[PDB]
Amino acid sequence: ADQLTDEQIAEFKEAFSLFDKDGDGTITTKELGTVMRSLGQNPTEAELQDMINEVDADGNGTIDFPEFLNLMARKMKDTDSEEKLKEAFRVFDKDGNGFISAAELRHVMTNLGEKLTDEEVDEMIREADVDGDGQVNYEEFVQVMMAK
């Protein structure tokens, strides 16, 4: 659905900025590729172009904010959402033990270019840590990620 509040748009704009390194307002294969690799992925040039083509409404070879917004505004079916939420969990769960620790969260955010203090990360872990085991499992992950 697309009944996005200005607050949500601004939040997506900041997410867009993690990709748009030079801040020119467009995401190129180079930028998309850089982010994916810092996350442990290894895409080919063709795969990157194919990904951009999916949402390239104006055919200019790059992804601009309006296109990224429409990508994020799209609503998908349950069997798609569950799998995608699982794929997302796998990214943070570096050692793959089924849980997300403070170190792993900090690692993904640091590679993305965000500067987090030691306290900020631990504060985040405790907000999502429902069962109180110091870590974050899938259920707690889904709640924090999809919040708002």
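Start at 1 and count along the sequence shown; that's the residue number.
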query: Mean C-alpha B-factor comparison - 44-52 and 111-119, higher one; finding: 111-119
query: Selected stretch [higher average CA B-factor]: 5-13 or 133-141; finding: 133-141
query: Per the PDB entry, maximal CA B factor within 30, 37, 106, 94; finding: 94
query: Residue 101 - which third its CA temperature factor falls in, relative to the rest of the chain; finding: middle
query: Record-listed C-alpha B factor of residue 82: chain third; finding: highest
query: Residue 24 CA temperature factor, ranked by third within the chain; finding: lowest
